[PDB]
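Below, read A as the first sequence line, B as the second, and so on, with proteins coming before strands; counting in each chain starts at 1. All values below were derived from every heavy atom in this structure, side-chain atoms included, with hydrogens, water molecules and symmetry-related copies excluded. Atoms within each ligand, like the ligands themselves, are counted from 1 in listed order.
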Amino acid sequence: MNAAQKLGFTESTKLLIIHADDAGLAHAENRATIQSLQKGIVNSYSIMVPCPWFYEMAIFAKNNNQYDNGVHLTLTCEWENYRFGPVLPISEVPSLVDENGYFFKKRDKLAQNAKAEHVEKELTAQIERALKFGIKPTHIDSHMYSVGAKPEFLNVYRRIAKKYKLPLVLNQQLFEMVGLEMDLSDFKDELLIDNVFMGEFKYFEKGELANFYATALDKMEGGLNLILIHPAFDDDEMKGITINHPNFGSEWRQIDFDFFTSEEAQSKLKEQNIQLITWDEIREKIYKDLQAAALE
Amino acid sequence: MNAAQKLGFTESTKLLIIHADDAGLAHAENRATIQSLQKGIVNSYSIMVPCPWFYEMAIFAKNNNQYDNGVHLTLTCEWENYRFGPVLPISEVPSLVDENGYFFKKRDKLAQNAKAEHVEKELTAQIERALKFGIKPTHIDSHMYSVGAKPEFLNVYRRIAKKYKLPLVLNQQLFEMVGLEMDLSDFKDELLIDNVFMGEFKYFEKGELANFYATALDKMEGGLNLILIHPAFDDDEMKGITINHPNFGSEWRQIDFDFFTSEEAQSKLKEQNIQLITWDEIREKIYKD
Ligand SMILES: [Mn+2]
Ligand SMILES: [Mn+2]
């Protein structure tokens, strides 16, 4: 059984979430995310609480409930010159940060250094800060999927998701990405994404990233599908953030914004009978199914 | 005696520091500040440690000490959507922040709320963090001159400068601007700048801020003169930061950059016989072996 049936649809249904990550990271990213939601076919996004432009994104989110919004849990900071650290004070979560008090650049260093207790504390703090700013999140997911850097970290993530009664991103391709060879019979109580799509260097370098997105739309199969993008204007701010980091860098994010606000993308959606769904709808369906099961 | 005399110069000598504030505020401001030092006549600057682009500026400062660099002490955050707070944990300095954990927008809210012990801890922590990053500051000054919001805050500021054996920005006009009516007789142990120049909105709104800087250089007289500017490229980042805040806004900051990298401004230094000086030279005259 694939996730589309577990949500009430036929097997053949091409469920899709087009999800913008890293909202709150930069002003250019906030503006491109908002525009892709307003006009594009992007239909969900998640927010990086520890980030310098989180506040602006929060003001947008608390007053624009119609757009499916979640918390982009952040434990790593990958950029050369633009560095951020935890919501909580360094002294409370010392194993999460480098000598400058910023998150590590790599999941490897994080998994080698971080204590599961510090991870639970800081992730809970990020969600609590979002809630106190008036955000009503519909899901939680993970920047660079650092929650998979250790099995204990993923268990903390699952436990936090159940505590807040929120859906979360769990998927087998993302598991293999982070080397987390966890079994599949542990996830009986969870909804697993059948297919996660994201851009790759090998297509970007050959000028074919837009082509990859087009083909991905063209050949989407039945089940729950998730497209992860990072729309942002390729301006001075993003060039400064992504210096020496072409992978998911500023030109890449520009390509994301262009393709997923393009009439080509909408035409491919309608051509293929791909049905968009939000995390909010998924949470409502799971809530009603559990309410119905518990009484009966 | 003006400050040039106390520094060993004749009375008529025109000492000038051309000083970029708000470094570390933004990437556009970091880049305009660096370029105005390397290719313009700017010769000093100071860094906002709490700000989100502090690290980029710190890397530059630690590797390029030939440019006079100080700590722009920060206790207020004036911008609408770009918010920041203290280096220290909120529980340590709770009186310094609004309900979101950020600095208040105006000096007078700071004066209403802040305890001086919290101000002392937070300013000390900004200097200490700069030092940990390998910055070798030559002076300290104050964002929005909020050290002047209360006399006891200014006393903290003076004590901190003496503790680090660094000079600081003190000046009678700055005192008046922030409503501080201190009598000068308590500053015998201090070096006061004779004249502080900064842009004014009434010239900016005529399009004549550049002309204002030209007159400032033309009319400069003997003593210690400080020009305060905020060079930054007027790009999308700065428009996003300075939204609804045209006073020292993004267009204004671009004008700062363009004037102080121009042939006009350099020629004016020569024509007026203006002698540039840094805070480090002053520091070496005051604090001896
Ligand atoms: Mn991310
Ligand atoms: Mn300032």
Side-chain angles (χ1 to χ4, degrees), chain A residues 19-26 29 33 44-51 53-54 57 70-79 82 84 103 105 107 126 139-148 169 174 177-178 196 198-199 226-232 241-242 245 247-249 252-253 256, chain B residues 19-26 29 33 44-51 53-54 57 70-79 82 84 103 105-107 126 140-148 169 174 177-178 196 198-199 226-232 241-242 245 247-249 252-253 256:
Chain A
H19 191 278
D21 289 354
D22 297 15
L25 174 73
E29 187 121 18
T33 298
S44 187
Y45 72 103
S46 61
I47 305 167
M48 296 177 77
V49 174
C51 279
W53 284 92
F54 153 74
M57 213 47 232
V71 180
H72 198 44
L73 300 175
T74 307
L75 297 170
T76 51
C77 178
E78 66 268 36
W79 309 113
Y82 190 65
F84 38 81
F103 289 131
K105 288 172 168 183
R107 290 186 301 262
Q126 285 176 31
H139 65 283
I140 60 177
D141 52 32
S142 171
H143 185 59
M144 293 171 49
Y145 216 65
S146 58
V147 299
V169 167
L174 283 173
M177 251 195 51
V178 305
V196 175
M198 72 182 340
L226 169 59
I227 281 173
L228 293 184
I229 46 165
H230 308 80
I241 287 163
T242 74
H245 201 294
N247 192 52
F248 295 91
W252 177 314
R253 303 196 182 217
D256 278 10
Chain B
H19 191 279
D21 294 1
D22 295 13
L25 171 61
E29 186 125 25
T33 298
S44 186
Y45 72 99
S46 63
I47 310 167
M48 287 172 96
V49 177
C51 283
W53 283 91
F54 155 68
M57 211 49 210
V71 179
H72 200 44
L73 296 171
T74 304
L75 297 176
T76 55
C77 175
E78 63 272 33
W79 310 112
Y82 193 61
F84 40 85
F103 287 132
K105 288 189 192 178
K106 288 145 176 154
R107 273 183 318 267
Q126 292 178 24
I140 72 193
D141 45 37
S142 178
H143 181 59
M144 275 162 74
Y145 214 66
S146 60
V147 293
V169 167
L174 285 171
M177 285 191 16
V178 306
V196 172
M198 54 204 275
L226 170 69
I227 289 181
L228 291 182
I229 45 164
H230 312 85
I241 299 177
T242 71
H245 196 296
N247 199 38
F248 297 89
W252 177 310
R253 293 186 189 241
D256 283 11

- [ ] Mind checking the CD1-CD spacing from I47(B) to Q126(B)? Nearest 0.5 Å is all I need.
- [x] 12.0 Å
Open item on the list: Using 0.5 Å steps for rounding, measure from the NE2 atom of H230(B) to the OH atom of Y45(B).
Closed with: 15.5 Å
Open item on the list: Distances under 2.8 Å only: what protein N/O/S atoms are near the Mn ion (ligand 1), ordered by chain and residue?
Closed with: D22(A) OD1, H72(A) NE2, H143(A) ND1
Open item on the list: I need the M48(B) CE to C77(B) SG distance, nearest 0.5 Å.
Closed with: 7.5 Å
Open item on the list: For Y82(B) and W53(A), take the angle between the two ring planes, folded into 0 to 90°, and tell me which bin it lands in: parallel under 30, tilted 30 to 60, perpendicular over 60.
Closed with: tilted
Task: Residue pair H19(B) / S44(B): nearest heavy atoms and the distance that separates them - done: CD2-OG, 3.0 Å
Open item on the list: Are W79(B) and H245(B) an aromatic pair, judged by ring center distance below 6.0 Å?
Closed with: yes
